[PDB]
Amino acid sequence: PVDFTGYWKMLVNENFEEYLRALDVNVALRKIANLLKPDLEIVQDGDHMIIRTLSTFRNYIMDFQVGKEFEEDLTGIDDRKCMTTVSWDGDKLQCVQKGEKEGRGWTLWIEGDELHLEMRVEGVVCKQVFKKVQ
């Protein structure tokens, strides 16, 4: 497939407020969150991945095996638990987060030297794009 390993800096963040609102994140947390420009630090070995969303407020750590369902604790975000599976879809990663909210998930992929992340919940789409510092 592809190796996502890298320290990726955020260039684009569209519709993040609407995504967090769909997760019932409170006004307070949303206001601060929208100002953050979280980086993604990814380390990967084959089907094992650690994806760290890094900000000056809180970090969120995902540590999983592609293809293998796990209990995802979304502490710090909406503090929900999901039954989550990240799967290969050709060269993209597709994440389905089963739980309270319908259609909750995300898609991660590389186009050239850009890392694209699309986050989804209840028909709301947030678009993020990242690049490494060369």
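Numbers follow the displayed sequence, beginning with 1.
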30-38 or 64-72, whichever carries the higher mean Cα B-factor: 30-38
Mean C-alpha B-factor comparison - 111-119 and 21-29, higher one: 21-29
Position of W106 among the chain's modelled residues by C-alpha B-factor, lowest, middle or highest third: lowest
Lowest, middle or highest third - CA B-factor, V129: lowest
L93 CA temperature factor, ranked by third within the chain: middle
Position of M49 among the chain's modelled residues by C-alpha B-factor, lowest, middle or highest third: middle
Third of the chain, ranked by Cα B-factor, where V43 sits: lowest
